[PDB]
Amino acid sequence: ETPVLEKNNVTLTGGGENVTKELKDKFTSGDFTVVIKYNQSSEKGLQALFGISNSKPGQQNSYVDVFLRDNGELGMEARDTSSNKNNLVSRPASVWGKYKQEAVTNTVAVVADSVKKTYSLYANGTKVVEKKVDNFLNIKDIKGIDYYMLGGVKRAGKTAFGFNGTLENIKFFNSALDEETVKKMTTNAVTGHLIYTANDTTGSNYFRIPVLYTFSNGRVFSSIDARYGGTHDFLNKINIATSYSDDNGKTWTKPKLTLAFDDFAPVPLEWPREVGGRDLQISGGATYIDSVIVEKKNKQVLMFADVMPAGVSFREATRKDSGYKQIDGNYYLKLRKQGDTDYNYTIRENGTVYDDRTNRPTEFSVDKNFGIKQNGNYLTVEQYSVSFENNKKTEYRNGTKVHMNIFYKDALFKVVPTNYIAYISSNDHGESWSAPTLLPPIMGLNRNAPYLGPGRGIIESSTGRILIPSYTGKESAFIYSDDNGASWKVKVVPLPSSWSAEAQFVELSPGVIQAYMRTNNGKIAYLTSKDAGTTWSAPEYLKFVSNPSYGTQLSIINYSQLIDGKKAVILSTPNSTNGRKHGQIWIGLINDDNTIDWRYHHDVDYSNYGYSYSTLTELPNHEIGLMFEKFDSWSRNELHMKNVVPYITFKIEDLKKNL
Ligand SMILES: CC(=O)N[C@@H]1[C@@H](O)[C@@H](F)[C@](F)(C(=O)O)O[C@H]1[C@H](O)[C@H](O)CO
Ligand SMILES: *[C@]1(C(=O)O)O[C@@H]([C@H](O)[C@H](O)CO)[C@H](NC(C)=O)[C@@H](O)[C@H]1F
């Protein structure tokens, strides 16, 4: 399969290039594939990589193009004036703009297939959308096509949608190339910045909530939400997936599922993106969500995550019950047997299920992975699969038998429908992990657990206290251990309003820590402790970030090397009142009085490109690793997109910009 036209190194500044003689009437069947390796010199405006049109007066709605917007959206149009058919197919956040002050080379493609009546778009190895349209047009369907151009669309004798940049290579084919070919053709250096990808070894099409941490031995470790039924928080199925690098982030292991339930199979699902359809959710599998990592002094690694029973929504679930009882001064996880109204059972020593009415052991037990046994034998339930037949969502028992689990909707004994926190530990730096441990009811018996602030925890240097950031919706909850993580306590700090106070900590000097957090007022807040987290100041606010009221998670870390002779912190956050966009990395230098001089910043891409949750780590070579949601993860227009959580790196010199 060879192109009808191939051109190289065409640099343009808005004016385009006529290629009518080299394309006229070459699209014999009418189908097409166009593969464009380009970089933009300017992102501003609506720009067409190529345009095939009727250029005559009155025929300005007769064209085909592939376009780029200043927010990284890749799209195509196919329109015919006389039939009044107007097709637009696109996906937000498909391309990259700039990286470290240089234009990024992307490779994109469009495929139009008349037999299928589909338009497909590809960006950097990913098929970002394929859509079947009733009013499909191929090139032969559009009347009086007379003008074929690079970097523009000729409409009524004028160049519209002028491209600014270089078309490094452009190929036009007069047929619909197959998906695997086009994926391969669009694969490039950008593709290699995805650690997690759609339908990799996680089975998930979607990801959110990345976390990076560098261990004491030099291994760089990542965790992330693998979200199977679109990118919805709830209801969904979510697992925590992990991947690591032992060469300073150059190469990563194939992702593994590290915290996962198996009530629902971890399968690749094509979640709909249309208005209305995109609100679809599954009925809900048991869920792990929002991971937090810390390495202990002794090199053991902890990972925490929120746990939600299957079908339980974070909005509706009960705030007035911890899911525990206190009996003889011990905290036991309580259970309700199917058919009962009361919670008459507790999981006690060795996982034995007791009847609290009689205070005697039953035939039932629960193992350390929440699985239920009767007389020493596992009870089972049948796993669910989700599918699209057609195009309706179906959930069904799929023939796989899995252990019955107290978090499942089909369990004979069930936990309270509320949120919990679990942690697991590793003694080999992330290669293998213990069974989970649910946090005891540190908020009290009559309150739900807190929600974790995704990112890392810290070890405060003077006391060795371990601190894990969390929040309740009205308070900060700083979870801590003073015995190297054997037992856990909490400091609960009331907040000025109902902030989703996802926080991260830094240590300014021994005993002095600051908690940086999301608010509901548009600003980033920070609270200060001068006694290793025992007491906290009133909030203060960064002066230079102005976001929407809903806010976004942030990442802030200590950096080990001096910058301008000073101890430094590094912050990552969006900064825009218009959405989750305009990602910035800020360098803060610690002054002698423990205030911070926010001296430098670097915009991660152009300001209208998407930037939501993020995570920073210092690499062992003292470069900075960043993984982030390169899209607006709040927007209802950017839900359920594949391959949008990249990893990139910076040298400090890349970041020391602007002042
Ligand atoms: C890709 C896109 O958004 N194309 C639309 C057309 O589908 C149509 F809506 C039109 F009106 C037009 O020019 O024909 O406007 C443009 C465009 O919004 C504008 O030119 C603003 O640059
Ligand atoms: C972030 C998000 O806003 O994008 O929100 C968290 C909470 O929903 C937050 O309270 C909303 O303000 C999500 N976590 C949970 C537990 O819902 C994050 O995963 C993320 F979705």
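Residues numbered from 1 in each chain as written, not as in the entry; some residues may be left out. Chains lettered and ligands numbered in written order. Heavy atoms only, no water.

The record names X-ray crystallography as the way this model was obtained, at a resolution of 2.0500 Å.

1. So, the pairing of strand 23 (residues 324-327)
Alignment of strand 23 against strand 24 (residues 330-337), held across four bridges, turns out to be antiparallel. In the strand pairing of strand 24, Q326 is matched with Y331. (Pairing = 2+ DSSP bridges. Helix = DSSP H or I, 4+ residues; strand = E, 2+ residues; numbered from the N terminus.)

2. Quick notes on the site of ligand 2
Around ligand 2, a shell composed of 15 residues is seen, among which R208, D233, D290, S500 and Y613 lie nearest. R208 has a polar side-chain atom sitting 2.7 Å from an oxygen atom of ligand 2. Within the contact set of ligand 2, an oxygen atom lies 2.8 Å away from a side-chain nitrogen or oxygen of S500. Compared with its free state, where it exposes 450 Å², ligand 2 has 87% of that area covered by protein. Those elements that place two or more of their residues in the shell around ligand 2 are strand 17 (206-214) and strand 21 (287-295). Tallied by class, residues from the shell around ligand 2 come to six nonpolar, one polar and eight charged. (Near = heavy atom within 4 Å. Polar contact = N/O pair within 3.5 Å; in protein donor to acceptor, adjacent residues only side chain to side chain. Areas by Shrake-Rupley, 256 points an atom, 1.4 Å probe, with all protein chains shown as cover. Nonpolar A, V, L, I, M, F, W, Y, C, P; charged D, E, K, R; others polar.)

3. As for empty space enclosed by the protein
Taken as a whole and judged by the stated rule, the model has seven cavities of 30 Å³ or more. One number sums up the size of the largest cavity: a volume of about 160 Å³. Around the largest cavity, the lining comprises 18 residues; the ones closest to its centre are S94, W96, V190, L194 and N643. For the second largest cavity, the calculated volume is near 90 Å³. Every residue lining the second largest cavity is counted, 15 residues in all, and those nearest its centre are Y324, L439, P440, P441 and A449. Looking at side-chain class alone, the lining of the second largest cavity contains 10 nonpolar, four polar and one charged residues. (1 Å grid on protein atoms, 1.4 Å probe; cavity = no way out; pocket = protein on both sides within 12 Å on 5 of 7 lines; lining within 4 Å. Points joined across faces, edges and corners; volume = space filled by probe spheres on them.)

4. Looking at the layout of surface pockets
When its volume is computed, the largest pocket comes out at roughly 1300 Å³. If you trace the largest pocket, you find 44 residues lining it, with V129, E130, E270, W271 and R273 closest to the centre. Those elements giving two or more residues to the lining of the largest pocket turn out to be strand 7 (85-91), strand 12 (126-132) and helix 2 (179-186). A per-element tally of the lining of the largest pocket places strand 12 first, with seven residues. In terms of residue class, the lining of the largest pocket is built from 15 nonpolar, 14 polar and 15 charged.

5. Here we look at the pattern of salt bridges
Across all of its chains, the model carries 33 salt bridges by this definition. The salt bridge involving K250 is made with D247; its shortest N-O contact spans 3.9 Å. Here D482 makes a salt bridge to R465, at a shortest N to O gap of 2.7 Å. Of this pair, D482 sits in the loop between strand 39 (475-481) and strand 40 (489-494) while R465 sits in the loop between strand 37 (458-459) and strand 38 (466-471); the two residues are 17 residues apart in sequence, bridging distant segments of the chain. (Salt bridge = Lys/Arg side-chain N within 4 Å of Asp/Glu carboxyl O.)

6. Regarding the packing of aromatic side chains
Scanning the entire structure with this criterion turns up 37 aromatic pairs. With a centroid separation of 5.3 Å and an interplanar angle of 40°, the aromatic rings of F304 and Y423 are classed as tilted. Taken together, the residues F304 in strand 22 (residues 301-308) and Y423 in strand 33 (residues 420-426) connect sequence positions 119 residues apart. Taken as a pair, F304 and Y423 share a single burial class, namely buried. Three or more aromatic residues link up through ring pairs in this structure, and these residues are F261, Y288, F370, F407, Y408 and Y420. One residue, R208, lies across the ring of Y613, its end atom 4.8 Å from the ring centre. When the ring centre of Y541 is taken as reference, the NZ or CZ atom of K523 above it lies at 4.7 Å. (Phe/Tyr/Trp six-rings, centres within 6.5 Å; stacked < 30°, edge-to-face > 60°. Buried < 20%, exposed > 50% of the residue type's maximum accessible area, 1.4 Å probe, protein only. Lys NZ or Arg CZ within 6 Å of the ring centre and 35° of its normal.)

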